>>> print(open('final_27.cif').read())   # mmCIF, C-alpha atoms (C1' of nucleotides) and all ligand atoms
data_work
loop_
_atom_site.label_atom_id
_atom_site.label_comp_id
_atom_site.auth_asym_id
_atom_site.auth_seq_id
_atom_site.Cartn_x
_atom_site.Cartn_y
_atom_site.Cartn_z
CA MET A 1 -18.75 -18.35 10.53
CA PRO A 2 -15.48 -16.68 11.60
CA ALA A 3 -15.32 -12.93 11.67
CA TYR A 4 -12.30 -12.40 9.37
CA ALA A 5 -12.42 -13.27 5.69
CA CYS A 6 -8.99 -14.94 5.82
CA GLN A 7 -10.38 -17.53 8.24
CA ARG A 8 -12.87 -19.07 5.81
CA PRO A 9 -12.81 -20.34 2.22
CA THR A 10 -14.51 -18.07 -0.28
CA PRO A 11 -14.98 -19.59 -3.76
CA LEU A 12 -15.23 -17.60 -6.95
CA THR A 13 -18.83 -18.58 -7.54
CA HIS A 14 -21.34 -19.10 -4.77
CA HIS A 15 -24.96 -19.31 -3.69
CA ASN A 16 -25.86 -15.72 -2.77
CA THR A 17 -24.77 -13.75 -5.81
CA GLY A 18 -27.67 -11.29 -5.94
CA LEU A 19 -27.49 -10.48 -2.24
CA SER A 20 -23.74 -9.92 -2.30
CA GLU A 21 -24.00 -7.71 -5.41
CA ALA A 22 -26.51 -5.44 -3.68
CA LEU A 23 -24.36 -5.00 -0.59
CA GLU A 24 -21.37 -4.27 -2.83
CA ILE A 25 -23.29 -1.43 -4.50
CA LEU A 26 -23.75 0.16 -1.09
CA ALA A 27 -20.06 -0.41 -0.31
CA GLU A 28 -19.05 1.29 -3.53
CA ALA A 29 -21.37 4.23 -2.88
CA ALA A 30 -19.91 4.61 0.63
CA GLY A 31 -16.45 4.84 -0.91
CA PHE A 32 -17.58 7.55 -3.30
CA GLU A 33 -18.65 9.57 -0.23
CA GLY A 34 -15.37 8.91 1.58
CA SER A 35 -16.82 6.56 4.23
CA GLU A 36 -14.19 3.82 4.33
CA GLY A 37 -15.69 2.33 7.50
CA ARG A 38 -19.13 1.82 6.01
CA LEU A 39 -17.50 0.55 2.79
CA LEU A 40 -15.64 -2.07 4.80
CA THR A 41 -18.70 -3.26 6.69
CA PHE A 42 -20.77 -3.65 3.51
CA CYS A 43 -17.83 -5.39 1.76
CA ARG A 44 -17.41 -7.75 4.73
CA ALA A 45 -21.13 -8.54 4.91
CA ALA A 46 -21.16 -9.29 1.21
CA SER A 47 -18.15 -11.54 1.65
CA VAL A 48 -19.82 -13.51 4.46
CA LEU A 49 -22.63 -14.37 2.06
CA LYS A 50 -20.14 -15.58 -0.55
CA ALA A 51 -18.75 -18.02 2.04
CA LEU A 52 -22.10 -19.62 2.95
CA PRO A 53 -22.76 -23.17 1.76
CA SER A 54 -26.26 -22.51 0.40
CA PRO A 55 -28.67 -19.66 -0.42
CA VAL A 56 -30.11 -17.40 2.24
CA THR A 57 -33.88 -17.90 1.99
CA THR A 58 -35.11 -16.40 5.28
CA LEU A 59 -34.05 -13.48 7.44
CA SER A 60 -33.59 -15.95 10.32
CA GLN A 61 -30.51 -17.31 8.61
CA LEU A 62 -28.61 -14.06 9.18
CA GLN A 63 -28.82 -14.43 12.95
CA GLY A 64 -25.36 -14.74 14.35
CA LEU A 65 -23.53 -14.01 11.09
CA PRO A 66 -20.73 -11.49 11.55
CA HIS A 67 -21.13 -8.03 9.99
CA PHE A 68 -24.92 -8.27 9.70
CA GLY A 69 -26.54 -5.58 11.77
CA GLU A 70 -29.70 -3.58 11.30
CA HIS A 71 -28.70 -1.99 8.01
CA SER A 72 -27.27 -4.94 6.06
CA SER A 73 -30.03 -7.20 7.40
CA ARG A 74 -32.69 -4.78 6.18
CA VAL A 75 -31.15 -4.78 2.70
CA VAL A 76 -31.31 -8.57 2.62
CA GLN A 77 -34.83 -8.64 4.05
CA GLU A 78 -36.11 -6.35 1.29
CA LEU A 79 -34.42 -8.40 -1.40
CA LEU A 80 -35.89 -11.62 0.02
CA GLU A 81 -39.38 -10.14 0.26
CA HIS A 82 -39.59 -7.96 -2.87
CA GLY A 83 -36.63 -8.86 -5.11
CA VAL A 84 -35.28 -5.30 -4.89
CA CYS A 85 -34.00 -2.99 -2.15
CA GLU A 86 -35.24 0.57 -2.51
CA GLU A 87 -32.00 2.05 -1.13
CA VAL A 88 -29.88 0.07 -3.56
CA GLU A 89 -32.07 1.06 -6.52
CA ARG A 90 -31.95 4.72 -5.48
CA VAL A 91 -28.16 4.54 -5.48
CA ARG A 92 -28.05 2.79 -8.84
CA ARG A 93 -30.12 5.42 -10.62
CA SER A 94 -28.51 8.41 -8.90
CA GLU A 95 -26.54 10.89 -10.98
CA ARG A 96 -23.86 11.05 -8.31
CA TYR A 97 -23.29 7.29 -8.22
CA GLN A 98 -23.31 6.87 -11.99
CA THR A 99 -20.92 9.74 -12.62
CA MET A 100 -18.53 8.88 -9.81
CA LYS A 101 -18.46 5.29 -11.08
CA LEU A 102 -17.75 6.49 -14.63
CA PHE A 103 -14.99 8.89 -13.60
CA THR A 104 -13.21 6.60 -11.11
CA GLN A 105 -13.16 3.84 -13.74
CA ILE A 106 -10.72 6.05 -15.66
CA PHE A 107 -7.08 5.04 -15.20
CA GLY A 108 -5.51 8.01 -13.42
CA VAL A 109 -8.70 9.21 -11.73
CA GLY A 110 -9.48 8.43 -8.12
CA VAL A 111 -12.36 9.32 -5.85
CA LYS A 112 -10.90 12.72 -4.93
CA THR A 113 -10.41 13.80 -8.55
CA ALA A 114 -13.81 12.42 -9.65
CA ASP A 115 -15.54 14.22 -6.79
CA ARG A 116 -13.90 17.53 -7.67
CA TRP A 117 -14.97 17.14 -11.31
CA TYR A 118 -18.49 16.23 -10.18
CA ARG A 119 -18.68 19.38 -8.05
CA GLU A 120 -17.45 21.41 -11.03
CA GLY A 121 -20.46 20.18 -13.01
CA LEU A 122 -18.71 17.62 -15.22
CA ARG A 123 -20.73 14.50 -16.02
CA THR A 124 -19.45 12.65 -19.13
CA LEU A 125 -16.19 11.49 -20.66
CA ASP A 126 -16.65 13.98 -23.51
CA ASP A 127 -16.91 16.74 -20.90
CA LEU A 128 -13.41 15.72 -19.78
CA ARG A 129 -12.09 15.51 -23.33
CA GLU A 130 -13.18 19.10 -24.01
CA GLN A 131 -10.70 20.48 -21.44
CA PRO A 132 -7.56 18.37 -21.86
CA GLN A 133 -5.01 20.73 -20.31
CA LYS A 134 -6.88 19.96 -17.07
CA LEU A 135 -5.65 16.35 -17.30
CA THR A 136 -2.49 14.52 -16.44
CA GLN A 137 -0.62 12.44 -18.98
CA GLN A 138 -1.88 9.36 -17.13
CA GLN A 139 -5.49 10.56 -17.30
CA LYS A 140 -5.13 11.39 -20.99
CA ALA A 141 -4.02 7.79 -21.63
CA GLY A 142 -6.80 6.44 -19.44
CA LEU A 143 -9.37 8.49 -21.37
CA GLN A 144 -8.01 7.68 -24.84
CA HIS A 145 -7.98 3.94 -24.00
CA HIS A 146 -11.11 3.91 -21.83
CA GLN A 147 -13.28 2.00 -24.30
CA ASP A 148 -10.79 -0.87 -24.74
CA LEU A 149 -10.02 -0.90 -21.03
CA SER A 150 -13.76 -1.35 -20.34
CA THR A 151 -13.76 -4.60 -22.43
CA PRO A 152 -13.12 -7.84 -20.49
CA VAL A 153 -9.73 -9.46 -20.78
CA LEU A 154 -10.13 -13.19 -21.46
CA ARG A 155 -7.99 -16.05 -20.24
CA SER A 156 -6.86 -16.52 -23.86
CA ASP A 157 -5.56 -12.94 -23.85
CA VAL A 158 -3.62 -13.65 -20.64
CA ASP A 159 -1.64 -16.58 -22.06
CA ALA A 160 -0.58 -14.50 -25.06
CA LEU A 161 0.53 -11.61 -22.86
CA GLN A 162 2.52 -13.92 -20.58
CA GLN A 163 4.61 -15.27 -23.45
CA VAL A 164 5.56 -11.80 -24.64
CA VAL A 165 6.42 -10.69 -21.07
CA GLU A 166 8.55 -13.82 -20.61
CA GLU A 167 10.50 -13.12 -23.81
CA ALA A 168 11.39 -9.60 -22.65
CA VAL A 169 12.16 -10.78 -19.10
CA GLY A 170 14.43 -13.55 -20.44
CA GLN A 171 16.53 -11.05 -22.40
CA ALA A 172 16.58 -8.62 -19.52
CA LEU A 173 17.78 -11.31 -17.08
CA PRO A 174 18.25 -14.96 -18.07
CA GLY A 175 16.70 -17.22 -15.47
CA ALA A 176 14.10 -14.72 -14.29
CA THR A 177 10.59 -16.08 -13.96
CA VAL A 178 7.10 -14.68 -14.58
CA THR A 179 4.11 -15.72 -12.42
CA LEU A 180 0.47 -14.83 -13.16
CA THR A 181 -1.15 -13.26 -10.11
CA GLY A 182 -4.30 -11.29 -9.26
CA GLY A 183 -7.78 -12.46 -10.15
CA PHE A 184 -6.67 -14.85 -12.88
CA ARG A 185 -4.57 -16.79 -10.35
CA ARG A 186 -7.76 -17.08 -8.20
CA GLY A 187 -9.50 -18.74 -11.15
CA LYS A 188 -11.31 -15.83 -12.83
CA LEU A 189 -12.10 -16.48 -16.48
CA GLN A 190 -12.15 -12.76 -17.28
CA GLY A 191 -10.85 -9.58 -15.79
CA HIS A 192 -10.09 -5.94 -16.38
CA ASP A 193 -6.31 -6.22 -16.16
CA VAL A 194 -3.49 -8.77 -15.96
CA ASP A 195 -1.07 -8.97 -13.01
CA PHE A 196 2.41 -10.52 -13.21
CA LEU A 197 5.08 -11.09 -10.55
CA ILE A 198 8.73 -11.41 -11.61
CA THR A 199 11.67 -12.77 -9.64
CA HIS A 200 15.00 -14.59 -10.05
CA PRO A 201 16.18 -17.62 -8.04
CA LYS A 202 19.51 -15.91 -7.12
CA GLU A 203 18.88 -13.30 -4.44
CA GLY A 204 19.91 -9.83 -5.60
CA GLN A 205 19.96 -10.60 -9.31
CA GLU A 206 16.55 -8.96 -9.63
CA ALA A 207 17.96 -5.53 -8.70
CA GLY A 208 17.38 -3.09 -11.58
CA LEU A 209 15.30 -5.60 -13.53
CA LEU A 210 12.06 -3.73 -14.20
CA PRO A 211 13.59 -0.85 -16.23
CA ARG A 212 15.36 -3.41 -18.39
CA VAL A 213 12.09 -5.27 -18.93
CA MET A 214 10.18 -2.09 -19.76
CA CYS A 215 12.73 -0.81 -22.27
CA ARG A 216 12.58 -4.15 -24.06
CA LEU A 217 8.79 -4.25 -24.25
CA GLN A 218 8.76 -0.67 -25.50
CA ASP A 219 11.35 -1.50 -28.17
CA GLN A 220 8.98 -4.30 -29.31
CA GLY A 221 6.20 -1.71 -29.83
CA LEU A 222 4.01 -3.29 -27.19
CA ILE A 223 3.70 -0.44 -24.70
CA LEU A 224 1.01 2.10 -25.35
CA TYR A 225 1.56 3.76 -21.95
CA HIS A 226 3.87 3.50 -18.94
CA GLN A 227 5.24 6.02 -16.58
CA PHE A 228 11.25 1.02 -9.60
CA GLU A 229 9.54 -2.30 -8.68
CA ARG A 230 5.93 -1.83 -9.89
CA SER A 231 4.94 -0.80 -13.43
CA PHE A 232 1.33 0.07 -14.34
CA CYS A 233 1.19 -0.31 -18.11
CA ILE A 234 -1.19 -0.28 -21.06
CA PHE A 235 -0.14 -2.97 -23.55
CA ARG A 236 -1.04 -3.48 -27.20
CA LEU A 237 -2.58 -6.97 -27.40
CA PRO A 238 -3.10 -8.57 -30.84
CA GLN A 239 -6.66 -9.23 -31.98
CA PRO A 240 -8.00 -10.71 -35.23
CA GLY A 241 -6.81 -8.24 -37.83
CA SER A 242 -6.18 -5.53 -35.23
CA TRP A 243 -5.41 -5.13 -31.51
CA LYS A 244 -6.77 -3.76 -28.28
CA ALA A 245 -5.35 -1.93 -25.30
CA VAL A 246 -5.01 -3.94 -22.08
CA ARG A 247 -3.97 -2.93 -18.56
CA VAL A 248 -0.96 -4.98 -17.34
CA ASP A 249 0.83 -4.64 -14.01
CA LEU A 250 4.41 -5.85 -13.67
CA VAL A 251 5.94 -6.32 -10.24
CA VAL A 252 9.44 -7.44 -9.23
CA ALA A 253 10.37 -9.04 -5.93
CA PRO A 254 13.53 -10.67 -4.57
CA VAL A 255 13.11 -14.38 -4.14
CA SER A 256 13.36 -14.02 -0.35
CA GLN A 257 10.17 -11.88 -0.50
CA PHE A 258 8.46 -13.78 -3.30
CA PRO A 259 5.97 -15.70 -1.06
CA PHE A 260 4.82 -12.43 0.51
CA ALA A 261 4.54 -10.68 -2.82
CA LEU A 262 2.73 -13.67 -4.37
CA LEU A 263 0.31 -13.71 -1.43
CA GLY A 264 -0.28 -9.98 -1.62
CA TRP A 265 -0.69 -9.75 -5.36
CA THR A 266 -3.01 -12.78 -5.56
CA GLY A 267 -5.62 -11.03 -3.41
CA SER A 268 -8.47 -10.63 -3.30
CA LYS A 269 -8.13 -7.03 -2.13
CA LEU A 270 -10.56 -7.64 0.72
CA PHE A 271 -8.85 -10.95 1.58
CA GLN A 272 -5.50 -9.21 1.95
CA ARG A 273 -6.88 -6.27 4.00
CA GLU A 274 -8.49 -8.84 6.29
CA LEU A 275 -5.32 -10.94 6.47
CA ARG A 276 -3.21 -7.93 7.42
CA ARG A 277 -5.86 -6.85 9.96
CA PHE A 278 -5.87 -10.37 11.44
CA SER A 279 -2.09 -10.51 11.57
CA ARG A 280 -1.77 -7.26 13.47
CA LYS A 281 -4.84 -7.36 15.72
CA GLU A 282 -4.98 -11.08 16.53
CA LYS A 283 -1.29 -12.12 16.26
CA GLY A 284 0.64 -8.88 16.87
CA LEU A 285 2.56 -9.30 13.61
CA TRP A 286 2.84 -6.72 10.82
CA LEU A 287 2.25 -8.03 7.28
CA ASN A 288 2.88 -6.48 3.87
CA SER A 289 3.93 -7.65 0.42
CA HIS A 290 7.59 -7.66 1.48
CA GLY A 291 7.46 -9.67 4.72
CA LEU A 292 5.99 -10.39 8.13
CA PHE A 293 7.50 -8.52 11.07
CA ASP A 294 7.48 -9.36 14.76
CA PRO A 295 7.69 -5.93 16.44
CA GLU A 296 8.59 -7.39 19.85
CA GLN A 297 11.55 -9.51 18.67
CA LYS A 298 12.24 -7.01 15.84
CA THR A 299 12.62 -9.93 13.44
CA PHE A 300 11.26 -10.84 10.01
CA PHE A 301 9.82 -14.27 9.34
CA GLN A 302 11.51 -16.18 6.56
CA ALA A 303 9.01 -17.84 4.29
CA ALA A 304 9.63 -20.22 1.43
CA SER A 305 5.95 -20.60 0.45
CA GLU A 306 2.51 -19.17 0.94
CA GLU A 307 1.86 -22.24 3.06
CA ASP A 308 4.62 -21.03 5.42
CA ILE A 309 2.88 -17.69 5.85
CA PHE A 310 -0.52 -19.17 6.69
CA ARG A 311 1.26 -21.43 9.23
CA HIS A 312 3.11 -18.49 10.79
CA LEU A 313 -0.24 -16.74 11.32
CA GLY A 314 -2.01 -19.79 12.72
CA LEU A 315 -4.48 -20.00 9.84
CA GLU A 316 -5.56 -22.99 7.82
CA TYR A 317 -4.12 -22.80 4.30
CA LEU A 318 -6.39 -21.53 1.57
CA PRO A 319 -5.46 -22.01 -2.09
CA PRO A 320 -5.89 -18.97 -4.38
CA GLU A 321 -9.29 -20.13 -5.64
CA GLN A 322 -10.61 -19.93 -2.03
CA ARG A 323 -9.37 -16.36 -1.47
CA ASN A 324 -12.20 -14.71 -3.43
CA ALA A 325 -13.40 -12.67 -0.45
"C1'" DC B 1 -15.64 4.67 21.93
"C1'" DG B 2 -11.47 3.55 18.27
"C1'" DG B 3 -10.52 1.14 14.45
"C1'" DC B 4 -11.00 0.04 9.89
"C1'" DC B 5 -4.15 -2.68 5.34
"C1'" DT B 6 -0.22 -1.24 3.76
"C1'" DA B 7 2.43 -0.54 0.51
"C1'" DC B 8 4.80 1.91 -4.26
"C1'" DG B 9 4.83 5.67 -8.56
"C1'" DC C 1 -2.53 13.03 -5.93
"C1'" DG C 2 -2.40 8.43 -8.55
"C1'" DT C 3 -1.61 3.03 -8.53
"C1'" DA C 4 -1.91 -2.29 -6.67
"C1'" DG C 5 -3.82 -6.69 -4.37
"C1'" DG D 1 -21.67 -0.03 9.70
"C1'" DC D 2 -20.28 -2.99 12.58
"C1'" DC D 3 -17.09 -5.36 16.21
"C1'" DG D 4 -14.78 -5.89 20.28
MG MG E 401 -6.01 -7.53 -11.39
NA NA E 402 -9.37 5.23 -11.63
NA NA E 403 -3.72 -4.94 -11.71
#
>>> encode(input="final_27.cif", output="structure tokens", more="lines below")
Ligand SMILES: [Mg+2]
Ligand code: NA
Ligand code: NA
Amino acid sequence: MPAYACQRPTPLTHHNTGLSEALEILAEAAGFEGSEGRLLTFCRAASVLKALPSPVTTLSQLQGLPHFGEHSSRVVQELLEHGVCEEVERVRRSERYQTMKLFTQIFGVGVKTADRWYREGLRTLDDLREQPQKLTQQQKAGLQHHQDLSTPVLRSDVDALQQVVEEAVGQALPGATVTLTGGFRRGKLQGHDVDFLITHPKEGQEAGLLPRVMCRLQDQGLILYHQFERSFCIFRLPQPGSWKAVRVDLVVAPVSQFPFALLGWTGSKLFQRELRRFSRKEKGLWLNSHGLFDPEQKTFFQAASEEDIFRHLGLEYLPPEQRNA
DNA sequence: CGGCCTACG
DNA sequence: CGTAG
DNA sequence: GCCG
């Protein structure tokens, strides 16, 4: 088992779901307390279990696995022996965890805002609604739409959204293309938002594209909220006899950068953090969603595909459905 | 012990 | 500060 | 919290 998540296939479904879920609760709780290091370790340990070929049945099977030390091993041991881990259950039922989870789920609210509200004594969404001047426009939209945004987006919803995005993109710039990214590109059947990447085969033609796309979607009445190359939107999606709000992200990249942007926006989040960590620490190359830089030659790698990027970094290629770290 | 991804709005 | 994978 |  290699130590970086980008060095191993991780499928969407696996053989250690309960164990990974428990470690991810502790990762989430670490993040609510501002402990990014502990968050990363628990995320990585969870991800190692997702990559195993069969269920962990005995504590012995953790020996040698990366990111399993005393703490993560104890969590697993308690789950194997008793079916529950006391620490995990204490987190789950804690007022702090539940409220921080509720507040940070709001579009426009991060850990720092949620924590301040928590320390002020706020606990529920209606608490927030009763003092609306205390909220940004973005937070107001996130609160108004919170119920719809909590409802899973289905793959059927995604196909409908992609056609309407393509129509606006085609008027904004004939020849521009729309690619589904994020979790749905990794094979998820549901999700909490839809991610699209837009480019044009003629380098430079994509300049100024996103405003033109946004104005066209808004003129079609489809945009419930929007605030450039990244747009974080709430879209009106038709439903039987009505509609629902859906989070949609639209990103533009020049075709020279498209493989990097595709790689970055396909995720998973942990996969990409691990890939960038691997690039820099193991290969001395600096990776982002725009390119891959050699800081000794002061040159950027040209890539025509995701396959090119994995080759550059000396990694076996993983298709999107094996990037579910 | 230092490090923990790296951007854009 | 928020957002994204 | 863990790795190197
Ligand atoms: Mg997504
Ligand atoms: Na949020
Ligand atoms: Na998104």
>>> atom_distance(input="final_27.cif", atom1="CA of residue 142 (chain A)", atom2="CA of residue 100 (chain A)")
15.4 Å
>>> residues_around(input="final_27.cif", residues="residue 2 (chain D)", least_positions_apart="2", cutoff="9 Å", atoms="all atoms listed in the file", output="number ranges by chain")
A: 37-38, 41, 66-69
>>> residues_near_ligand(input="final_27.cif", ligand="ligand NA 402 (chain E)", cutoff="8 Å", atoms="all atoms listed in the file", output="list in words")
residues 103, 104, 105, 106, 107, 108, 109, 110 and 111 of chain A
>>> residues_around(input="final_27.cif", residues="residue 9 (chain B)", least_positions_apart="5", cutoff="10 Å", atoms="only C-alpha atoms (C1' of nucleotides)", output="PDB file with C-alpha atoms (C1' of nucleotides), in the frame of the given file")
ATOM      1  CA  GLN A 227       5.240   6.020 -16.580  1.00  0.00           C
ATOM      2  CA  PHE A 228      11.250   1.020  -9.600  1.00  0.00           C
ATOM      3  CA  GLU A 229       9.540  -2.300  -8.680  1.00  0.00           C
ATOM      4  CA  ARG A 230       5.930  -1.830  -9.890  1.00  0.00           C
ATOM      5  CA  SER A 231       4.940  -0.800 -13.430  1.00  0.00           C
ATOM      6  CA  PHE A 232       1.330   0.070 -14.340  1.00  0.00           C
TER       7      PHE A 232
ATOM      8  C1'  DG C   2      -2.400   8.430  -8.550  1.00  0.00           C
ATOM      9  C1'  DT C   3      -1.610   3.030  -8.530  1.00  0.00           C
TER      10       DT C   3
END
>>> interface_residues(input="final_27.cif", of="chain A", to="chain C", cutoff="10 Å", atoms="all atoms listed in the file", output="PyMOL selection string")
chain A and resi 107-110+112-113+136+138-139+181-183+195+230-232+249+251+261-273+289
>>> interface_residues(input="final_27.cif", of="chain A", to="chain D", cutoff="12 Å", atoms="all atoms listed in the file", output="number ranges by chain")
A: 3-4, 23, 26-27, 30, 35-45, 65-73, 281-282
>>> atom_distance(input="final_27.cif", atom1="CA of residue 242 (chain A)", atom2="CA of residue 177 (chain A)")
29.1 Å
>>> interface_residues(input="final_27.cif", of="chain B", to="chain A", cutoff="7 Å", atoms="all atoms listed in the file", output="list in words")
residues 4, 5, 6, 7 and 8 of chain B
>>> atom_distance(input="final_27.cif", atom1="CA of residue 77 (chain A)", atom2="CA of residue 59 (chain A)")
6.0 Å
>>> closest_residue(input="final_27.cif", among="A:215, A:315, A:5, A:143", to="residue 124 (chain A)", atoms="all atoms listed in the file")
A:143
>>> axis_aligned_box(input="final_27.cif", around="chain D", padding_each_side="6 Å", output="JSON")
{"center_x": -18.2, "center_y": -3.0, "center_z": 15.0, "size_x": 18.9, "size_y": 17.9, "size_z": 22.6}
